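Containing TSV, C-alpha atoms and all ligand atoms: coords-v5.tsv.
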```
chain	number	residue	atom	x	y	z
A	833	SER	CA	7.92	-24.53	0.76
A	834	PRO	CA	10.81	-23.22	3.10
A	835	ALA	CA	10.32	-19.99	1.05
A	836	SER	CA	6.64	-19.89	2.27
A	837	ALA	CA	7.76	-20.13	5.95
A	838	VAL	CA	10.03	-16.97	6.12
A	839	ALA	CA	7.43	-15.11	3.96
A	840	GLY	CA	4.35	-16.25	5.96
A	841	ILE	CA	5.96	-15.47	9.37
A	842	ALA	CA	7.25	-11.99	8.25
A	843	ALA	CA	3.84	-11.13	6.60
A	844	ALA	CA	2.14	-12.11	9.91
A	845	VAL	CA	4.51	-9.89	12.01
A	846	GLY	CA	4.17	-7.06	9.42
A	847	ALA	CA	0.37	-7.19	9.80
A	848	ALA	CA	0.87	-7.11	13.62
A	849	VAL	CA	3.12	-3.98	13.52
A	850	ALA	CA	0.42	-2.40	11.23
A	851	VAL	CA	-2.48	-3.09	13.70
A	852	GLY	CA	-0.17	-2.04	16.57
A	853	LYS	CA	0.85	1.32	15.02
A	854	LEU	CA	-2.68	1.93	13.55
A	855	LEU	CA	-5.03	1.47	16.57
A	856	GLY	CA	-2.18	2.01	19.10
A	857	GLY	CA	-3.22	1.72	22.76
A	858	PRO	CA	-6.77	1.11	24.09
A	859	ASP	CA	-9.24	3.63	25.64
A	860	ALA	CA	-8.89	3.05	29.44
A	861	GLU	CA	-12.50	4.34	29.98
A	862	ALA	CA	-14.00	2.03	27.25
A	863	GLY	CA	-15.37	-1.48	27.68
A	864	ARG	CA	-16.21	-2.66	31.24
A	865	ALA	CA	-13.92	-3.15	34.29
A	866	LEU	CA	-13.37	-6.46	36.15
A	867	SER	CA	-16.14	-7.44	38.64
A	868	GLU	CA	-15.57	-8.15	42.38
A	869	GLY	CA	-15.75	-11.94	41.76
A	870	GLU	CA	-13.52	-11.69	38.63
A	871	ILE	CA	-10.84	-9.68	40.59
A	872	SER	CA	-11.03	-12.35	43.33
A	873	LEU	CA	-10.77	-15.20	40.74
A	874	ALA	CA	-7.61	-13.78	39.09
A	875	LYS	CA	-6.12	-12.68	42.48
A	876	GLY	CA	-6.05	-16.37	43.47
A	877	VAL	CA	-3.81	-17.03	40.46
A	878	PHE	CA	-1.82	-13.79	39.69
A	879	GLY	CA	-2.15	-12.11	43.13
A	880	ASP	CA	-0.93	-8.50	43.27
A	881	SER	CA	1.34	-8.99	40.17
A	882	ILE	CA	-1.26	-7.23	37.95
A	883	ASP	CA	-3.11	-3.87	38.27
A	884	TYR	CA	-6.72	-4.98	37.71
A	885	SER	CA	-7.71	-1.29	37.24
A	886	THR	CA	-5.96	-1.23	33.76
A	887	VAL	CA	-7.76	-4.50	32.63
A	888	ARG	CA	-10.94	-3.91	30.55
A	889	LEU	CA	-13.45	-6.44	29.18
A	890	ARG	CA	-14.68	-5.25	25.78
A	891	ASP	CA	-17.56	-7.21	24.11
A	892	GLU	CA	-16.28	-6.20	20.61
A	893	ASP	CA	-13.66	-7.67	18.16
A	894	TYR	CA	-10.06	-6.34	18.24
A	895	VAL	CA	-9.82	-6.80	14.41
A	896	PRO	CA	-12.57	-7.63	11.79
A	897	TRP	CA	-10.83	-11.00	10.97
A	898	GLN	CA	-11.18	-12.19	14.65
A	899	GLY	CA	-13.45	-15.26	14.84
A	900	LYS	CA	-16.99	-15.64	16.32
A	901	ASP	CA	-15.70	-18.26	18.80
A	902	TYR	CA	-12.37	-16.48	19.59
A	903	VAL	CA	-10.87	-14.05	22.20
A	904	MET	CA	-7.95	-11.57	21.93
A	905	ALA	CA	-5.83	-9.86	24.64
A	906	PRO	CA	-3.09	-7.78	22.83
A	907	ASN	CA	-3.02	-4.46	24.74
A	908	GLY	CA	-3.97	-5.47	28.32
A	909	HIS	CA	-7.75	-5.40	27.55
A	910	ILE	CA	-9.76	-8.54	26.63
A	911	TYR	CA	-11.79	-8.57	23.40
A	912	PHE	CA	-14.65	-11.09	23.28
A	913	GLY	CA	-15.90	-12.66	20.04
A	914	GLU	CA	-19.54	-12.94	18.86
A	915	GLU	CA	-20.24	-16.29	20.62
A	916	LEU	CA	-18.58	-15.15	23.93
A	917	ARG	CA	-20.66	-11.96	24.53
A	918	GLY	CA	-23.04	-11.09	27.35
A	919	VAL	CA	-20.98	-12.52	30.24
A	920	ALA	CA	-21.36	-9.99	33.12
A	921	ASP	CA	-19.34	-12.10	35.62
A	922	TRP	CA	-16.81	-14.77	34.49
A	923	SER	CA	-16.46	-15.98	38.15
A	924	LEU	CA	-20.16	-17.07	38.03
A	925	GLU	CA	-19.68	-19.18	34.83
A	926	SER	CA	-18.59	-22.87	34.34
A	927	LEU	CA	-15.08	-23.97	35.50
A	928	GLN	CA	-14.02	-24.35	31.84
A	929	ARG	CA	-15.36	-20.83	31.13
A	930	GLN	CA	-13.37	-19.58	34.18
A	931	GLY	CA	-10.27	-21.32	32.83
A	932	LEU	CA	-10.63	-19.42	29.51
A	933	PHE	CA	-10.73	-16.18	31.53
A	934	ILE	CA	-7.51	-17.18	33.47
A	935	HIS	CA	-5.86	-17.88	30.10
A	936	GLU	CA	-6.68	-14.40	28.67
A	937	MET	CA	-5.54	-12.90	31.99
A	938	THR	CA	-2.05	-14.52	31.49
A	939	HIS	CA	-1.68	-12.39	28.29
A	940	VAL	CA	-2.85	-9.40	30.38
A	941	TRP	CA	-0.16	-10.43	32.97
A	942	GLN	CA	2.49	-10.81	30.22
A	943	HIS	CA	1.61	-7.34	28.82
A	944	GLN	CA	1.83	-5.78	32.32
A	945	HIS	CA	5.26	-7.39	32.79
A	946	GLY	CA	6.74	-5.89	29.54
A	947	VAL	CA	5.69	-8.29	26.75
A	948	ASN	CA	4.47	-7.21	23.29
A	949	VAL	CA	1.65	-9.82	23.16
A	950	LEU	CA	0.64	-8.41	19.71
A	951	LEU	CA	4.04	-8.87	17.96
A	952	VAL	CA	5.41	-11.83	20.01
A	953	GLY	CA	2.00	-13.51	19.64
A	954	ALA	CA	1.61	-13.01	15.84
A	955	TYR	CA	5.18	-14.30	15.28
A	956	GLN	CA	4.83	-17.45	17.49
A	957	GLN	CA	1.29	-18.25	16.16
A	958	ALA	CA	2.55	-18.08	12.53
A	959	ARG	CA	5.86	-19.88	13.31
A	960	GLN	CA	4.07	-22.84	15.01
A	961	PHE	CA	1.61	-23.04	12.04
A	962	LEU	CA	4.07	-22.98	9.09
A	963	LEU	CA	6.98	-24.67	10.93
A	964	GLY	CA	4.38	-27.30	12.06
A	965	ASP	CA	5.53	-27.13	15.74
A	966	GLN	CA	3.30	-29.07	18.28
A	967	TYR	CA	0.39	-26.91	19.67
A	968	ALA	CA	0.34	-28.72	23.05
A	969	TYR	CA	3.12	-27.87	25.53
A	970	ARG	CA	5.21	-30.66	27.12
A	971	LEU	CA	6.60	-30.05	30.64
A	972	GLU	CA	10.36	-30.61	30.98
A	973	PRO	CA	12.74	-30.37	34.03
A	974	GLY	CA	14.72	-27.11	34.01
A	975	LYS	CA	12.12	-25.47	31.72
A	976	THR	CA	10.45	-22.40	33.26
A	977	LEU	CA	7.22	-20.64	31.98
A	978	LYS	CA	9.40	-18.09	30.16
A	979	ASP	CA	10.94	-20.90	27.98
A	980	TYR	CA	7.46	-21.60	26.38
A	981	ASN	CA	5.57	-19.54	23.78
A	982	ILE	CA	3.00	-16.87	24.96
A	983	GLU	CA	-0.02	-19.15	24.07
A	984	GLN	CA	1.47	-22.23	25.81
A	985	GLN	CA	2.36	-19.88	28.76
A	986	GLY	CA	-1.43	-19.27	29.08
A	987	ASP	CA	-2.46	-22.95	28.56
A	988	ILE	CA	0.01	-23.95	31.37
A	989	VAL	CA	-1.33	-21.31	33.87
A	990	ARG	CA	-5.00	-22.16	33.01
A	991	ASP	CA	-4.38	-25.96	33.30
A	992	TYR	CA	-2.73	-25.24	36.71
A	993	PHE	CA	-5.80	-23.25	37.93
A	994	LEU	CA	-8.09	-26.08	36.69
A	995	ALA	CA	-5.95	-28.75	38.44
A	996	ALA	CA	-5.99	-26.70	41.68
A	997	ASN	CA	-9.79	-26.28	41.52
A	998	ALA	CA	-10.56	-29.87	40.47
A	999	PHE	CA	-7.87	-31.95	42.32
A	1000	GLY	CA	-6.76	-29.43	44.99
A	1001	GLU	CA	-3.53	-27.42	45.48
A	1002	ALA	CA	-1.66	-30.61	46.54
A	1003	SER	CA	-1.95	-32.33	43.08
A	1004	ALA	CA	-1.62	-29.03	41.19
A	1005	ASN	CA	1.51	-27.73	43.00
A	1006	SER	CA	3.31	-31.12	42.61
A	1007	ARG	CA	3.01	-31.05	38.78
A	1008	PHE	CA	3.39	-27.27	38.12
A	1009	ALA	CA	5.93	-26.23	40.92
A	1010	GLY	CA	8.90	-26.51	38.55
A	1011	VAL	CA	7.56	-24.51	35.58
A	1012	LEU	CA	6.21	-21.61	37.76
A	1013	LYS	CA	8.17	-18.86	39.69
B	835	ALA	CA	17.37	-13.02	4.34
B	836	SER	CA	16.30	-9.38	4.95
B	837	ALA	CA	14.85	-9.08	1.39
B	838	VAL	CA	12.23	-11.95	1.50
B	839	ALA	CA	11.37	-10.92	5.11
B	840	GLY	CA	11.13	-7.15	4.42
B	841	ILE	CA	8.97	-7.58	1.26
B	842	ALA	CA	6.57	-10.11	2.93
B	843	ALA	CA	6.30	-7.90	6.12
B	844	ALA	CA	5.47	-4.94	3.84
B	845	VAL	CA	2.71	-6.88	1.95
B	846	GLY	CA	1.43	-8.32	5.27
B	847	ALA	CA	1.10	-4.78	6.67
B	848	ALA	CA	-0.77	-3.82	3.42
B	849	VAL	CA	-3.30	-6.71	3.73
B	850	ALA	CA	-3.77	-5.62	7.42
B	851	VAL	CA	-4.53	-1.92	6.53
B	852	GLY	CA	-6.70	-3.16	3.62
B	853	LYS	CA	-8.81	-5.56	5.75
B	854	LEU	CA	-8.83	-3.16	8.79
B	855	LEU	CA	-10.06	0.18	7.33
B	856	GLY	CA	-11.60	-1.58	4.26
B	857	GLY	CA	-13.24	0.73	1.72
B	858	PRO	CA	-13.52	4.53	2.10
B	859	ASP	CA	-16.60	6.61	3.11
B	860	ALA	CA	-17.99	7.88	-0.26
B	861	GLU	CA	-19.60	10.90	1.56
B	862	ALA	CA	-16.33	11.86	3.41
B	863	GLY	CA	-13.59	14.21	2.23
B	864	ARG	CA	-14.42	16.60	-0.66
B	865	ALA	CA	-15.42	15.82	-4.30
B	866	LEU	CA	-13.45	16.95	-7.41
B	867	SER	CA	-14.05	20.59	-8.49
B	868	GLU	CA	-15.30	21.67	-11.98
B	869	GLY	CA	-11.74	22.68	-13.00
B	870	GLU	CA	-10.23	19.49	-11.49
B	871	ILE	CA	-12.75	17.27	-13.41
B	872	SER	CA	-11.86	19.21	-16.59
B	873	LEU	CA	-8.09	18.84	-15.89
B	874	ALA	CA	-8.26	15.03	-15.48
B	875	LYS	CA	-10.81	14.64	-18.34
B	876	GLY	CA	-8.14	16.01	-20.70
B	877	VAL	CA	-5.89	13.10	-19.68
B	878	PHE	CA	-8.15	10.13	-18.64
B	879	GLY	CA	-11.36	11.22	-20.45
B	880	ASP	CA	-14.46	9.15	-19.62
B	881	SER	CA	-12.32	6.13	-18.47
B	882	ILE	CA	-12.91	7.09	-14.79
B	883	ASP	CA	-16.06	7.93	-12.75
B	884	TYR	CA	-15.06	11.23	-11.11
B	885	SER	CA	-18.08	10.89	-8.73
B	886	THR	CA	-16.27	8.03	-6.80
B	887	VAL	CA	-13.01	10.13	-6.44
B	888	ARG	CA	-12.69	12.04	-3.10
B	889	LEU	CA	-9.97	14.46	-1.93
B	890	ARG	CA	-9.34	13.96	1.79
B	891	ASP	CA	-6.97	16.43	3.59
B	892	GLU	CA	-6.02	13.72	6.17
B	893	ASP	CA	-3.38	10.88	6.24
B	894	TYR	CA	-4.36	7.34	5.09
B	895	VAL	CA	-2.05	5.84	7.79
B	896	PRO	CA	-0.17	7.53	10.74
B	897	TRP	CA	3.24	6.61	9.16
B	898	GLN	CA	2.41	8.62	5.95
B	899	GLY	CA	4.85	11.53	5.51
B	900	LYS	CA	4.26	15.32	5.81
B	901	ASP	CA	5.33	15.82	2.17
B	902	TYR	CA	3.55	12.63	0.86
B	903	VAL	CA	0.27	11.66	-0.89
B	904	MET	CA	-1.57	8.29	-0.97
B	905	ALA	CA	-4.28	6.97	-3.34
B	906	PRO	CA	-4.97	3.28	-2.32
B	907	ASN	CA	-8.79	2.99	-2.47
B	908	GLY	CA	-9.77	5.47	-5.25
B	909	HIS	CA	-9.69	8.50	-2.86
B	910	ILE	CA	-6.65	10.82	-2.54
B	911	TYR	CA	-5.11	11.43	0.91
B	912	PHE	CA	-3.04	14.62	1.25
B	913	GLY	CA	-0.13	14.94	3.69
B	914	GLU	CA	0.51	17.80	6.17
B	915	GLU	CA	2.48	20.00	3.69
B	916	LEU	CA	-0.08	19.46	0.83
B	917	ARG	CA	-3.25	20.64	2.69
B	918	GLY	CA	-5.57	23.57	1.96
B	919	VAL	CA	-5.72	23.21	-1.84
B	920	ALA	CA	-9.38	23.91	-2.83
B	921	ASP	CA	-8.72	23.65	-6.61
B	922	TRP	CA	-5.70	21.73	-8.04
B	923	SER	CA	-6.49	23.13	-11.56
B	924	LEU	CA	-5.73	26.67	-10.21
B	925	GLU	CA	-2.26	25.66	-8.81
B	926	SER	CA	1.22	25.55	-10.48
B	927	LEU	CA	1.83	23.18	-13.47
B	928	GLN	CA	4.05	20.99	-11.24
B	929	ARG	CA	1.24	20.94	-8.59
B	930	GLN	CA	-1.19	19.94	-11.40
B	931	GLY	CA	1.20	17.18	-12.52
B	932	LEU	CA	1.19	15.73	-8.96
B	933	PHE	CA	-2.62	15.65	-9.14
B	934	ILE	CA	-2.52	13.81	-12.56
B	935	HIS	CA	-0.03	11.27	-11.07
B	936	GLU	CA	-2.39	10.49	-8.10
B	937	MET	CA	-5.29	10.26	-10.54
B	938	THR	CA	-3.37	7.46	-12.49
B	939	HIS	CA	-3.62	5.21	-9.34
B	940	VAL	CA	-7.32	6.31	-9.04
B	941	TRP	CA	-7.56	5.21	-12.74
B	942	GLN	CA	-5.71	1.90	-11.96
B	943	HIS	CA	-8.02	1.18	-8.95
B	944	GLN	CA	-11.08	1.85	-11.23
B	945	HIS	CA	-9.64	-0.54	-13.86
B	946	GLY	CA	-9.10	-3.45	-11.41
B	947	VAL	CA	-5.74	-2.86	-9.68
B	948	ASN	CA	-5.08	-3.41	-5.96
B	949	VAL	CA	-2.95	-0.21	-5.56
B	950	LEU	CA	-2.59	-1.04	-1.84
B	951	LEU	CA	-1.09	-4.56	-2.18
B	952	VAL	CA	0.63	-4.22	-5.63
B	953	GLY	CA	2.03	-0.87	-4.43
B	954	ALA	CA	3.37	-2.06	-1.03
B	955	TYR	CA	5.06	-5.07	-2.71
B	956	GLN	CA	6.69	-3.09	-5.58
B	957	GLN	CA	7.77	-0.20	-3.23
B	958	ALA	CA	9.45	-2.66	-0.77
B	959	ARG	CA	10.97	-4.80	-3.57
B	960	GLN	CA	12.46	-1.60	-5.20
B	961	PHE	CA	13.94	-0.56	-1.79
B	962	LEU	CA	15.51	-3.83	-0.53
B	963	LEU	CA	16.41	-5.24	-3.99
B	964	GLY	CA	17.68	-1.74	-4.99
B	965	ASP	CA	15.95	-1.88	-8.43
B	966	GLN	CA	15.79	1.31	-10.62
B	967	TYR	CA	12.80	3.42	-9.43
B	968	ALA	CA	13.18	5.84	-12.42
B	969	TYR	CA	11.51	4.47	-15.58
B	970	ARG	CA	13.42	4.36	-18.91
B	971	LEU	CA	11.24	4.12	-22.05
B	972	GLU	CA	11.76	1.02	-24.21
B	973	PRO	CA	10.23	0.01	-27.61
B	974	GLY	CA	7.66	-2.78	-27.21
B	975	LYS	CA	7.12	-1.85	-23.54
B	976	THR	CA	3.52	-0.77	-22.83
B	977	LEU	CA	2.48	1.24	-19.73
B	978	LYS	CA	1.24	-2.04	-18.11
B	979	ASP	CA	4.87	-3.42	-18.18
B	980	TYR	CA	5.97	-0.69	-15.63
B	981	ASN	CA	5.44	-0.41	-11.77
B	982	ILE	CA	2.07	1.08	-10.67
B	983	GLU	CA	4.31	4.07	-9.57
B	984	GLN	CA	6.24	4.35	-12.91
B	985	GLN	CA	2.77	4.22	-14.60
B	986	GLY	CA	1.87	7.33	-12.54
B	987	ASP	CA	5.12	9.18	-13.47
B	988	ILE	CA	4.84	8.26	-17.23
B	989	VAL	CA	1.26	9.65	-17.46
B	990	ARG	CA	2.17	12.80	-15.43
B	991	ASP	CA	5.38	13.44	-17.49
B	992	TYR	CA	3.22	13.05	-20.64
B	993	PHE	CA	0.67	15.66	-19.39
B	994	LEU	CA	3.58	18.02	-18.49
B	995	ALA	CA	5.21	17.52	-21.94
B	996	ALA	CA	1.84	18.19	-23.66
B	997	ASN	CA	1.31	21.39	-21.60
B	998	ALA	CA	4.92	22.65	-21.90
B	999	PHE	CA	6.00	21.53	-25.43
B	1000	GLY	CA	2.56	20.88	-27.03
B	1001	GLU	CA	0.81	17.64	-28.09
B	1002	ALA	CA	3.20	17.27	-31.09
B	1003	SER	CA	6.36	16.72	-28.94
B	1004	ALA	CA	4.44	14.81	-26.23
B	1005	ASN	CA	2.66	12.33	-28.58
B	1006	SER	CA	5.94	11.55	-30.47
B	1007	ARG	CA	7.73	10.41	-27.28
B	1008	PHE	CA	4.80	8.74	-25.39
B	1009	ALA	CA	2.74	7.20	-28.36
B	1010	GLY	CA	4.44	3.81	-27.86
B	1011	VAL	CA	3.93	3.29	-24.09
B	1012	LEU	CA	0.30	4.50	-24.10
B	1013	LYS	CA	-2.91	2.64	-25.29
A	1101	ZN	ZN	-5.36	-16.67	23.59
A	1102	ZN	ZN	2.22	8.34	-5.39
```
Written form, structure tokens:
Amino acid sequence: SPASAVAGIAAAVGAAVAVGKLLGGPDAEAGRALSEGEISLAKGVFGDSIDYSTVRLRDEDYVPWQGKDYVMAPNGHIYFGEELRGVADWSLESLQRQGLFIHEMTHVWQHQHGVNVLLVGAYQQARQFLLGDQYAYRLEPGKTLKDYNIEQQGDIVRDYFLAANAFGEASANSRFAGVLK
Amino acid sequence: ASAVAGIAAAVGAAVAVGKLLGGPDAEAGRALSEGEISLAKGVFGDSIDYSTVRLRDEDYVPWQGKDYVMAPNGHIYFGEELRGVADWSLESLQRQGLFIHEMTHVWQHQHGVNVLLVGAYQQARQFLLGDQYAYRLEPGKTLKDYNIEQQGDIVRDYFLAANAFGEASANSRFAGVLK
């Protein structure tokens, strides 16, 4: 069983390097670019920290093993699954659907700030599965965003956006002020 | 620590390439020539369907070498330095031996072997665990008791012995390993 852990994690990173090297870098001209409302939505969270020009919404899977009800953001482009296709404007969808979009955008923000969301992601996803680590983040004093895994990083940012839209900036900034910089 | 990691990462990358570009385009590449079918028939006979077999003068993966050849799916992928060969049967005996070696994997694939996974595992295990790549014939050891790669070398070296020293000298040395 501890033999399965090292093996499983390495095999998952190996598969990530393979996909990375194989279909290396996305076609800037392919997909669809962010809408006026979508740029506004993300600007309210990320501001001018990300170049929204780069960001592309592709209604196609990144890999054949990607789920029907799943979304990937490895290269700074967002790949929508079979059940999440046909959305022209994410800013004109439900608050929970908008939250999903802010989540994927955090991976796009990570990528734009020098993070290998493909490798780092594959490693952390496999490590939390086999090493049984808790899926849900737990806020701690002295812990910044960067001390969490790339998926929790997203969950945090999304949950902040949802708190700020549902309970106002007052309630949101009190809880998330520590973790964000 | 590096061994378990390295081997698993190598098999993981193989499953990824396998799942990703799964199965080759039967109509793509180039099919075996009359001479090439004859060449292989003398070794493999009617054990393989030569119709399936396709010679593609393109890399299987970007990390494949200039002086390297891959045969993972029952199609042969030629590297940068091995391109432009219209007929392998009209090339040097050593160049024909290479072709028989690649054909052994094509024969393994056609007989139920996952050349991609089994290969990636064995190649990585032989590198990190520093195990002897070069086969050494042993009594009681059948071809199936050797690496998918050794299996390729054994069959090729047999073909070369049979062409250079005749079937007499070749069949005396290789009769044991082959069935
Ligand atoms: Zn995600
Ligand atoms: Zn080979």
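Selected on chain B by distance to chain A: residues 835, 838, 839, 840, 841, 842, 843, 844, 845, 846, 847, 848, 849, 850, 851, 853, 854, 895, 896 and 897 of chain B (within 9 Å, counting only C-alpha atoms).
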Next, the residues of the selection above should be written as a PDB file, keeping the file's coordinate frame with C-alpha atoms.
```pdb
ATOM      1  CA  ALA B 835      17.370 -13.020   4.340  1.00  0.00           C
ATOM      2  CA  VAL B 838      12.230 -11.950   1.500  1.00  0.00           C
ATOM      3  CA  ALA B 839      11.370 -10.920   5.110  1.00  0.00           C
ATOM      4  CA  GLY B 840      11.130  -7.150   4.420  1.00  0.00           C
ATOM      5  CA  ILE B 841       8.970  -7.580   1.260  1.00  0.00           C
ATOM      6  CA  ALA B 842       6.570 -10.110   2.930  1.00  0.00           C
ATOM      7  CA  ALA B 843       6.300  -7.900   6.120  1.00  0.00           C
ATOM      8  CA  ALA B 844       5.470  -4.940   3.840  1.00  0.00           C
ATOM      9  CA  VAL B 845       2.710  -6.880   1.950  1.00  0.00           C
ATOM     10  CA  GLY B 846       1.430  -8.320   5.270  1.00  0.00           C
ATOM     11  CA  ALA B 847       1.100  -4.780   6.670  1.00  0.00           C
ATOM     12  CA  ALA B 848      -0.770  -3.820   3.420  1.00  0.00           C
ATOM     13  CA  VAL B 849      -3.300  -6.710   3.730  1.00  0.00           C
ATOM     14  CA  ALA B 850      -3.770  -5.620   7.420  1.00  0.00           C
ATOM     15  CA  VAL B 851      -4.530  -1.920   6.530  1.00  0.00           C
ATOM     16  CA  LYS B 853      -8.810  -5.560   5.750  1.00  0.00           C
ATOM     17  CA  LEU B 854      -8.830  -3.160   8.790  1.00  0.00           C
ATOM     18  CA  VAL B 895      -2.050   5.840   7.790  1.00  0.00           C
ATOM     19  CA  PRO B 896      -0.170   7.530  10.740  1.00  0.00           C
ATOM     20  CA  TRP B 897       3.240   6.610   9.160  1.00  0.00           C
TER      21      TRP B 897
END
```
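With all atoms listed in the file as the atoms that count, the minimum distance from residue A:948 to the choices A:908, A:1000, A:1010, A:869 is reached by A:908.
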For ligand ZN 1101 (chain A), collect every residue having any atom at a distance of at most 9 Å from a ligand atom (counting only C-alpha atoms and all ligand atoms); output as a tab-separated table (two decimals) with C-alpha atoms, in the frame of the given file.
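Result went into result-v7.tsv, see below:
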```tsv
chain	number	residue	atom	x	y	z
A	902	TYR	CA	-12.37	-16.48	19.59
A	903	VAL	CA	-10.87	-14.05	22.20
A	904	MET	CA	-7.95	-11.57	21.93
A	905	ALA	CA	-5.83	-9.86	24.64
A	932	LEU	CA	-10.63	-19.42	29.51
A	935	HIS	CA	-5.86	-17.88	30.10
A	936	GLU	CA	-6.68	-14.40	28.67
A	938	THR	CA	-2.05	-14.52	31.49
A	939	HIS	CA	-1.68	-12.39	28.29
A	953	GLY	CA	2.00	-13.51	19.64
A	982	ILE	CA	3.00	-16.87	24.96
A	983	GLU	CA	-0.02	-19.15	24.07
A	986	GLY	CA	-1.43	-19.27	29.08
A	987	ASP	CA	-2.46	-22.95	28.56
```
Protein and nucleic residues near ligand ZN 1102 (chain A), 7 Å, only C-alpha atoms and all ligand atoms, as number ranges by chain: B: 903-905, 935-936, 983
Smallest atom-to-atom distance to residue B:884: which of B:913, B:965, B:941, B:857, using all atoms listed in the file? B:941
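Separating atom CA of residue A:995 from atom CA of residue A:1009 is a distance of 12.4 Å.
The spacing separating atom CA of residue A:876 from atom CA of residue A:975 amounts to 23.5 Å.
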Can you patch up stretch 915-929 of chain B, filling it in to N, CA, C and O atoms, and show the result as a CSV table (one decimal), in the coordinates of the input?
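Contents of the output file part-v6.csv:
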```csv
chain,number,residue,atom,x,y,z
B,915,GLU,N,2.0,18.9,4.5
B,915,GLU,CA,2.5,20.0,3.7
B,915,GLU,C,1.7,20.2,2.4
B,915,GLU,O,1.9,21.2,1.7
B,916,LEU,N,0.7,19.4,2.1
B,916,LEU,CA,-0.1,19.5,0.8
B,916,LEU,C,-1.6,19.7,1.1
B,916,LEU,O,-2.4,19.4,0.3
B,917,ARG,N,-1.9,20.4,2.2
B,917,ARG,CA,-3.2,20.6,2.7
B,917,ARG,C,-3.7,22.1,2.5
B,917,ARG,O,-2.9,23.0,2.8
B,918,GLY,N,-5.0,22.3,2.1
B,918,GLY,CA,-5.6,23.6,2.0
B,918,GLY,C,-5.9,23.9,0.5
B,918,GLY,O,-6.4,25.0,0.2
B,919,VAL,N,-5.5,23.0,-0.4
B,919,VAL,CA,-5.7,23.2,-1.8
B,919,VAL,C,-7.2,22.9,-2.2
B,919,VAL,O,-7.6,21.8,-2.2
B,920,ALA,N,-8.0,24.0,-2.5
B,920,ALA,CA,-9.4,23.9,-2.8
B,920,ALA,C,-9.5,23.5,-4.3
B,920,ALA,O,-10.4,22.6,-4.6
B,921,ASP,N,-8.7,24.0,-5.2
B,921,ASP,CA,-8.7,23.6,-6.6
B,921,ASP,C,-7.3,23.4,-7.1
B,921,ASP,O,-6.5,24.4,-7.1
B,922,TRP,N,-7.0,22.2,-7.5
B,922,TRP,CA,-5.7,21.7,-8.0
B,922,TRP,C,-5.5,22.3,-9.4
B,922,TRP,O,-4.3,22.6,-9.8
B,923,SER,N,-6.5,22.5,-10.2
B,923,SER,CA,-6.5,23.1,-11.6
B,923,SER,C,-6.1,24.6,-11.5
B,923,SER,O,-5.8,25.2,-12.6
B,924,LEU,N,-6.1,25.3,-10.4
B,924,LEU,CA,-5.7,26.7,-10.2
B,924,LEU,C,-4.4,26.8,-9.4
B,924,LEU,O,-4.1,27.9,-8.9
B,925,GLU,N,-3.6,25.8,-9.4
B,925,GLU,CA,-2.3,25.7,-8.8
B,925,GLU,C,-1.2,25.6,-9.9
B,925,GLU,O,-1.6,25.4,-11.1
B,926,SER,N,0.1,25.6,-9.5
B,926,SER,CA,1.2,25.6,-10.5
B,926,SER,C,1.2,24.3,-11.4
B,926,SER,O,0.5,23.3,-11.0
B,927,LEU,N,1.8,24.3,-12.5
B,927,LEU,CA,1.8,23.2,-13.5
B,927,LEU,C,2.4,21.9,-12.8
B,927,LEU,O,1.9,20.8,-13.0
B,928,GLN,N,3.5,22.1,-12.0
B,928,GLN,CA,4.0,21.0,-11.2
B,928,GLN,C,3.1,20.4,-10.2
B,928,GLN,O,3.0,19.2,-10.1
B,929,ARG,N,2.3,21.3,-9.6
B,929,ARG,CA,1.2,20.9,-8.6
B,929,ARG,C,0.1,20.3,-9.3
B,929,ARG,O,-0.6,19.4,-8.7
```
